[PDB]
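For clarity, chains are labelled A, B, C and D in written order, and residue numbers in each chain start from 1.
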Amino acid sequence: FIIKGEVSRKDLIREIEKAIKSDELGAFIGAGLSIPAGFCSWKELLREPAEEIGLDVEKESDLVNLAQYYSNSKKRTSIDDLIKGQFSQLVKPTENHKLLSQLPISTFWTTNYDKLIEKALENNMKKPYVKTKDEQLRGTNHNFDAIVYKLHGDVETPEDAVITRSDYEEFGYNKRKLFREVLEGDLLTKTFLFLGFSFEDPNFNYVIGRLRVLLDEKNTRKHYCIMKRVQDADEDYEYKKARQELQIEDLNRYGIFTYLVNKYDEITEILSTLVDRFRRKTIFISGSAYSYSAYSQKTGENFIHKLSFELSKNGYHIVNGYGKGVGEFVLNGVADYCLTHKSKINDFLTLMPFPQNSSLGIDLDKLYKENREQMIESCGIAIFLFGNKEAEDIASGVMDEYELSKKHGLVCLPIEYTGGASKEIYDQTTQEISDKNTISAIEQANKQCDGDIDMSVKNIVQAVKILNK
Amino acid sequence: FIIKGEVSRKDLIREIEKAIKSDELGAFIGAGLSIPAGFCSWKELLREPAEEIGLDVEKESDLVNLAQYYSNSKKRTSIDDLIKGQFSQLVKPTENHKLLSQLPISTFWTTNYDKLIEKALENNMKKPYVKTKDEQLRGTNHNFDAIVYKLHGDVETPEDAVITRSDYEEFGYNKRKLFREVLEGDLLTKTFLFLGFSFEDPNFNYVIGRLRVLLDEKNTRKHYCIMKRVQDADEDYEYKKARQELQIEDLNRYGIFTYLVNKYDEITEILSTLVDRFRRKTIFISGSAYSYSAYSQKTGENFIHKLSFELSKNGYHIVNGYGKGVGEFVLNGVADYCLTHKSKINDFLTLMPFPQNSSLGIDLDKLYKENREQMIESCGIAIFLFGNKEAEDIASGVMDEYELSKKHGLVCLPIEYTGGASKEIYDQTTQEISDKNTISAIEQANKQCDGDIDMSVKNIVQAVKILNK
Amino acid sequence: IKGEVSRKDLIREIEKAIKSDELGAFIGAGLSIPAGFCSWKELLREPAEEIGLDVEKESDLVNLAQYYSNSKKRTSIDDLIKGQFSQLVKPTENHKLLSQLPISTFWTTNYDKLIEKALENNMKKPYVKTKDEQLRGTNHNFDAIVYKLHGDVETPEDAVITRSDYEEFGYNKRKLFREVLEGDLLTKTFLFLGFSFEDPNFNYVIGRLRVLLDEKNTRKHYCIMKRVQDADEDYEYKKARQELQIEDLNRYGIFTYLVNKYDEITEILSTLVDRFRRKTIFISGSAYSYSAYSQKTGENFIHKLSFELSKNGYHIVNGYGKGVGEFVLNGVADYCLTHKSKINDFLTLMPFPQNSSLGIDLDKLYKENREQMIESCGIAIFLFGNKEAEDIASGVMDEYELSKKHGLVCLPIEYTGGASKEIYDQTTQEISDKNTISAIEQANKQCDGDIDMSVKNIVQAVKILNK
Amino acid sequence: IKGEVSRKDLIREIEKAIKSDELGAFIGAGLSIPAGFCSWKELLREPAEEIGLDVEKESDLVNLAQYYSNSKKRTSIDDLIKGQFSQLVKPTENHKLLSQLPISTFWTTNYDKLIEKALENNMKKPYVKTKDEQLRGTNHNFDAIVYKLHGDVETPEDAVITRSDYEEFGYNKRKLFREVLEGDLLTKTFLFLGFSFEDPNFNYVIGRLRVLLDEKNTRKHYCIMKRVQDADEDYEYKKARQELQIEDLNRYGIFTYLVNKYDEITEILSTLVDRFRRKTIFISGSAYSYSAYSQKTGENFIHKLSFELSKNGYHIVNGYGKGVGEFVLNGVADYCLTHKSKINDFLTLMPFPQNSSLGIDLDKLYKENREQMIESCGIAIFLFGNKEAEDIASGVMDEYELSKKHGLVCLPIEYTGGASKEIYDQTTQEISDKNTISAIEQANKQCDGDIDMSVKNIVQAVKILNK
């Protein structure tokens, strides 16, 4: 963490959180992230081809030149068939891919030929626009949730894929004319997180050459990367560590810093950390109230109103299941906020009501329960309120939503002085806590706020703010 | 309408509606659209400057060369001061600007130096991203509601504005390096509507030169323009008409077609036509029901559910004021639709609830009423339902919303067999109709649908579809 | 007015560019219209009526040509330039003078081939470049290149005429012309001739020089244009417009000289030709006997004179005469061997063989080459002029009349005798110029057997003629 | 194997490019390392240890140079090339042979100045181009240009060495080299010499030729490389790799010849020099008396021989001898006047003046110029060789020994007499080649007074030597 360009895990997270706080975060990904999913390294992929022309893949230092010689002796199609085959595998994305989908990353650039990165987004609520030819980059578009640039092409059109040496030589001339400037722009404006790459890749020199724009002293821009530290098992340990050090110091010239893991699992540990800490910006609200315990009806209505309002004032997104007695006034508070500050409500509120009569005339409970889980896994905090009706002392839905939040690792914030299932969750859950931050938030929220609502809503707001740091 | 490149008003509207139906619509605007707002033509703006160097503006055919000579004799600053002054005028946008803001135009390109085009959007709900230097075009951005390219610069930085001849010569070299490719892309991908321009502009040749990409036979792309037909008052009528004809036939080489008005007011007539016809894609729903007339509670709930559901199935956006008894189930129906087809609700529903307790502790009725009018002017249809409580035979809010819809020219669709204020509006309004399409929709909706809900919701859906053609 | 210059200032700076081979020429319609070609206004009159527009009312002839090409297809303008621009007209006196000057880089917007043939009407080997394929790579062999920016009449389908032919310039065709022109503009000093702010394509032409606006531009270029005339309506107004336009050009490093009649162009070029010709001298004579000198002394006087003429950077044209020319070769060969140079760089010979190569008369061809060779010289030095029994050698006297025909400064030497001395007795009485007379006096001074004094006299007389 | 060619095929196609002046040369480290420069592996050994890396373990020396430049600032490599590459080493025999060949365009990646000085070690005027400012515009004067793609040792701070020096190539610096190289590659036929697939910068170098992959490329280029050797480990494997690599080059229109020792390069260049030299001939002699001919007949025989030698496209080198050389000039002048050509294009003279220009001995300088001039000729023709009383003229016999020194094909004429006939009597007995003997027989045939038969004999003997 003093080798030039080296940074600590906390340094990495701090700067990444700046990029997230300013919507300047993008992702740059390579083969190192898809190989753990089940895809073949290029060495083995070229082993049999290498033997098919009379050369040993173990003897060749530059696999790019090897693919070129192969394309010459066995016609180009024979590499298309190699990529069409060994990269169209029916493989599931990794957990890293899902965590990347959950993050606020709108721009993705990748050199691998697989389609895992798109599927992680399609599985989440995001609908990517995957771009592979100049014709898609022309002009501008504002619509899609995210853009996935397939810089080195895609497995759906391998005859155009960037594989051989002359495919890199002809990059931008016969093909991909506009990729260069769009990539250089994203590199100078966004803060990028680099993942699936290694200095020992075969295509590395060609990949790094595109970043020549970052050598301009006027760059000022910083990007961050992750790679595996050299390991004792690796023979020539000290020598390869020196090589890797000089390789990172060379990398830092382009404004890229590096964090070093010891096994690739550690990558996920960071991504998850960033997902969880980001999820706490999105809160889940549960409850149902025919009666508002010690509060009068209008007082229990305006307490909810002023709580959702204050949560919007501090920049928090709300997910609610539009419960009886609760949802109308969560909406009312957020509408009061957005009307006060000429803001848009859909920027702050996502609802999950429970329909009565499916128009199609078919049960939708399965679909509804899945939608609910999809919304909840995007949340990081769960606040529970009331949970009572004339015949429900402990409303069922509230308890079901607590168990569901307990599954997704949400920080649970039951409110004791509301009664009902909310207080049942307080009485049960308070015995199952161990962390200082969570305990501090729980205590800060359930205070004896005199019944008075201003202090009552604040207590909860400060409990929320505590969990964000 | 047989001169090459000439088209009829109905032709123009048809093709424009294709571009709207495919989100491929953009706008290209010039000085001819801001002069009616109160700004000075360049001829008069250069009259005193022309005299300030010993030349008569009446004698000079090329005002661009005139601005160049002026910048030479009187230093460049003296033109900056000319633009800083005579273009920073505290002028209101025109009705054309507001109509353009109301349309689904996400990309705007303009050569004028004023800021009317941004203000028309800021007045509407849209928040434009005005781009003036390459640094803003680098990379990509997905966030903003619309992009306003100031191709020839802006009055906020006149020292960089494109004015003189050498400012066109140095276009793209010392300044505006990326504007050329972004503009060419938008021209080859979007369908553009050209407005504030004339063949007699002084900067015309330079402006049209950028479109050389459209001369490639592989262009296939079509764009549309509007200009004033020559008028008897114009001396040399027949000769100038021949010149204008050949000018349009030359224009059509770049894939641009032309419609000819006789006075500029006619422009607005078309824009309005496109706004109104587009507004009918967005429906306003009004009502309030403690009791559901001849329907049981659950039956009146599921009727609303199945109506909003069917309206979402046919691709219509809903604006509702979350009324008593009505809003919960408008939301429920749209949520049923979006959950059935894994769609997002905010794409279909915009709400305007009426809060009870302002958290700030100040009356918000003024703000709420303005928000309501802003939402309603975006709608083209108004459907009224029920409008009754225990003490309200004719709910007040429903009548107030009818008078408000009557102000904004909405097609009013009251439902008779719901009773209440809805039926009061039917009984009063049906005497104030004159158009075939509106009358046909009103009759198609209020049919004797047996009380049965499937036919009842259809009746209304077909009444809506009728007004869209 | 900024950007205006004096005629003598113009000649001085242009001659500086000549001194460093940094001189190129940029030519336009103003040089081809006087030869017999039709102005564009008239050339487009009948077409203009052919679409319903009047050339008298249309100020923008480029857009007019576009409209015509639109209604009547491209072919009909391919046929138009093929017609009234394919006239096989002889180049003007300006063209021949430019051929005589050391201009190796020619750029032109004209569609005719006048300047190319004017160069062909000489010892020059022009290489006309009109397509990118010719600009590719590098080549040094050809004597000069004529760059045709706006195409040529042999391929009018590619000519740059209409507006969109300018719009598509450099993208579909003529891709390399842009950067190569900018290079020549940033390295050479260019002389602009056939152009006026009132041309129809001016706005389009001037855009190509935008590189000269870079403040890092040290290069200066020069142009010649027609001054406004009282008869011209709005006289003072057009004088003001032209004044401000001249100040506008200077942004590109272009200066302007103003003529009152187009003849002045020829007067300047002619002047520059004359003053350039004096760097290369013609020598005449023949010595069967070495008068006033012993044989060896008359041989080495010639040898040591040609050597010093080469040392002072003057090119020699000689007819390899017996006894006079014979040793000029040896003297210049001694120079080039002394200074590791090549002989043809300093000596051009004009011999007369004894036997035709394979049976053909050569007298006419020889004299034609001779007259053209003398038109390349600016000074004519005469020496000896005697044969077996001819006190006044035959060729030398006619060569005096021939140098007098081509306006060469005649510098005969008296103390050599023969036809040279008869020409001396004639020329000293048939002159009126102070500089010429002063140089002649500096040349015919003498110490006698001391030959260095003679060689000095002659060399210093030459330098006097070059001031 | 595709892209391999025969030695005679190589010579034939290269001589086609020579016949059209379309020949250029592309040179690399393989020609400068044998002269005395250090391979890069060793040059980077001490630096490699200076950062903790072994050149024996690092396969990518470009990335290695980058790492070193990163830890130790750029200056320390500026100093490195300044040191072990600034050795003032003499050019090799290959360099001198390339100087003797008609190669006007030279492109090289080397940082030394061997090829430039080898050209300076001749009559050549090299113009070394290393910065964009020199490529701007156009110029035809200089005798040849040496393009230094990767910089020069005089400005190592700009040299292309590290990886990022290749990345920043054409963007910050050397902006115009890319398009000008592509032009020369698409128009000229280039001969590649000092390169191998095992070079460290090869991947980077080959990318510049991507334009040659355009299917519209008709141009063919040629290279020479070292064949694999049995001693080399993995012999058959390296033969397979090199085979596939040779087939890879042909995509760029590049063909390959394979040597077994680097000497073969010199053998090919030498061969091409010899066969090119025979297009230019040296003539010796002097005729105080015109043996076997009347005076006028011996004059016009020489005249009409030089004329026909010019007609058949052969350049003449003559020492302007009295009676022999004197009329060569007249004959070639008649030719150039007949065919509107310039004399120095066909005739190069080597005179010997009577009096030093201003008092300096010239014998040594004259003979040095002479030996270099004869090394430019491939055939030596001897004629007459007599003086006032010298049956065997002095200069001519030594010139026979001199042509024998430089390996010229000696073609003396018997029926002229003098030293020429003594050389004829010596040479006919001192030869062994069939072609040389056949041409000599074709030359010394005779009809006699009929001079056309004599001129034929000689010209046809020349053409026999050029087959």
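The definition used in the following text is that contacts are C-beta pairs under 8 Å (C-beta built on N, C-alpha and C of every residue); 3 or more make two chains touch, one makes a residue touch a chain.
In whole angstrom, the spacing between the mean C-alpha positions of chain A and chain B is 36.
Chain A and chain C have Cα centroids separated by 74 Å. Centroid to centroid, with C-alpha atoms defining each point, chain A and chain D lie 66 Å apart. Judged by the touch criterion defined above, the protein chains form a single closed ring in which each chain touches exactly two others. Across the assembly, chains come into contact as A-B, A-D, B-C, C-D. Listed in rising order, the residues of chain A touching chain B in the complex are 23, 106-107, 125, 137-147, 178, 181-182, 184-190, 298, 301-302, 305-306, 309-310, 322, 328, 331-333, 335-337, 339-340, 344-346, 350-353, 355-360, 364, 367-368, 371. If you check the complex, the residues on chain B that touch chain C are 53-56, 59, 61-62, 65, 68-69, 72-73, 165-166, 169-170, 173, 205, 209, 212, 215, 239, 242-243, 246-247, 249-250, 253.
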